[PDB]
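Working notes, beginning with the structure itself.
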Amino acid sequence: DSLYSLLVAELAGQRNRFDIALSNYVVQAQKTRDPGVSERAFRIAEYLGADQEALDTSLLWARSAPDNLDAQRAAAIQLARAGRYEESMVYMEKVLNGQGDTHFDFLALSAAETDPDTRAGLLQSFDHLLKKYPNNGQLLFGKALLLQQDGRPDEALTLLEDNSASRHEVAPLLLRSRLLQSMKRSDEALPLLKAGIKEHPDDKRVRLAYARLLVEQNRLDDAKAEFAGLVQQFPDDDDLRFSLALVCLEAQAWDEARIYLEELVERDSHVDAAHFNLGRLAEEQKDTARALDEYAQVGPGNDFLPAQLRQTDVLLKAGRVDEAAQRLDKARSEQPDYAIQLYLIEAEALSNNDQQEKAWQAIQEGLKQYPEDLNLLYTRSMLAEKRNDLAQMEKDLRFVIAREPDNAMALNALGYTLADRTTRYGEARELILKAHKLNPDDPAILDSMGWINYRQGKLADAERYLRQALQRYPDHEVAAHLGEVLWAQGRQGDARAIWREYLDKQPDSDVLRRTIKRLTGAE
């Protein structure tokens, strides 16, 4: 281990902080200006000058002052921080490629190991803090979080077992319980949670975790009593009541969940989410009328689109597609802010219930209404590709990649279709390279990279890229691609063995079945 070897982790930390700063700037730019007090005073002043028809000339003069202009201060701070981070990153990439006595300069190695942004430095700082203040509950909780996220949960649990504060403090106890539940030994977590209520009776999260652990076992009857006790001690907590309704709804005890949801309706808190969950429960109860009447009264927000999708799905289950289209059009006319998302809902529902022609017609209608929506024509591309229509699929995909030269996924999609179907191999290499440079973390882009490398002739690079893409996430398509690429280079047993796992007797593995027949056909 040397200093140059340690600098990469520092660069990774700088990358994380740069990403966070840039995303922070992005969310700042969209956000409206905070009320503050100057705009509040101007609001009361406008409320005053509104009484007389004569213009409040002094109010207009003051409200248009040069100091009343939004300079976007925090956004500029975030941008400048991201810029200096990028500058330092560039500097230390320039320092990395240099050669020298990287070793035996122990002064800088200590600073490289004390960096809180590196995982090893995080752990070193946590160890130094536990040395300074031992048995600190929050420090143990943070170190256990670090160890569990690092991919070593059992070591974190063993660290928790050695500390006595893990039995007393609420957050370490909660983390130890959810860790023990993942080790398939949930019963060991039962007594500790009880002891927590002995130490923290008024703490609602501890009792909620106790109730969830009761639900985990078959002994759910006491969990209903725990719900009743929580409601008895804190009948005003609306978020706690919503969480109790959610856990009761997970344990398919529909009666108490419906009771809690109607109680939330009476208290006028989380009304749209409450009605959405009532609609889901009624859909489970096969009560189509109640589910529809509850989905219709879901207000706009983070639950309007799921309610619309569930309504469309129930309508398609009933077979009255005309009423489904009419309700979706009426909802589009009611709230046109994300009407494009309503069209996406319609397309998804029609594609998931075997109405290919109606899905294509709805997408055509949506594009006629919004010809510039970049999601709508991409959905048209996927529908045309499912319809074996490569022409429309190429036209709109070229359209979207020309209008947005920096749309990775669409840029990726066409490229993959270039490698898999046609023989325009030169464009596909550049297309997949650009998609990989835009977002290397995307595993479908890595799959496309292995596929174009395999069809281009480079067998080793294709195998490595497909191996990486398969390591990130298990997919049947990537599995078949890796199997075929490995089979072509040789090592038949390895390709045969890789196929054994991801077959899994899956109806989704219908495409995978054809890869085996194509290659075992030569036998």
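Please treat every number below as a calculation from the coordinates, not as lab data. All Cβ positions, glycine included, derive from the backbone under ideal geometry; neighbour counts span all protein chains shown.
The table below gives the values:
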read-out	value
Mean-position separation - Cα centroids, the stretch 1-21 and the stretch 327-359, in angstrom	45
Full-extension gain in nm, residue 71 to residue 337, via 0.36 nm per residue minus C-alpha separation	93.0 nm
Computed [θ] at 222 nm, deg cm²/dmol, the chain (DSSP H ≥ 4; -39,500 (n - 2.57); rounded to nearest 500)	-24000 deg cm²/dmol
Surface/4 of the Cα convex hull for the stretch 406-523, nm²	7.2
Kirkwood hydrodynamic radius of the stretch 331-375, from inverse mean 1/r over distinct Cα pairs, in Å	10.6
Fraction in percent of alpha-carbon pairs per bin - 10 Å, the stretch 83-240	9, 28, 24, 17, 12, 7, 2, 0
The stretch 227-317 - Rg (one decimal) and Dmax (whole number), Cα, Å	13.0, 44
Farthest toward positive dipole pole in the chain [+1 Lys/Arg, -1 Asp/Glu at C-beta], among 214, 418, 71	418
Percentage relative contact order, the stretch 287-393, counting C-alpha pairs under 8 Å, at least six apart	18
Over the chain: Kirkwood hydrodynamic radius from C-alpha pairwise inverse distances, Å	29.2
At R0 = 41 Å, FRET efficiency that the Cβ-Cβ distance of residue 523 and residue 427 yields, to 0.05	0.70
Average Cα contact separation per residue, the chain, under 8 Å, 6 or more apart, as relative contact order %	5
Kirkwood Rh in Å, taken over the stretch 402-469 so that all alpha-carbon pairs contribute	11.5
Relative exposure of 254, 451, judged by other C-beta atoms within 10 Å (fewest first)	254, 451
Value of D in µm² per second that Stokes-Einstein yields for the stretch 321-404, Kirkwood Rh from Cα pairs, at 37 °C (0.692 mPa s)	253
Where trypsin sites (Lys or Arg not before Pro) fall in DSSP loop in the stretch 180-244, at most 12 other Cβ within 10 Å	184, 185, 219
Fully extended contour minus Cα-Cα distance, from residue 106 to residue 390, at 0.36 nm per residue	96.1 nm
Inter-label distance for residue 138 and residue 473, nm, one decimal - labels placed 7 Å from Cα along Cα-to-Cβ	3.6
Fraction of alpha-carbon pairs over 15 Å apart in the stretch 95-179 - percent	62
Computed FRET value (nearest 0.05) for residue 113 with residue 53, which takes r as the C-beta separation and R₀ as 60 Å	0.25
Virtual paramagnetic centre 7 Å along Cα→Cβ of residue 330, amide N under 12 Å, in the stretch 296-318	296-297
Violating pairs (Cα-Cα greater than 20 angstrom) within the set 286/317; 317/505; 131/198; 330/368; 434/458	317/505; 131/198
Under 19 Å from the residue 323 label point (7 Å along Cα→beta-carbon), backbone N, the stretch 333-352	346, 349-350
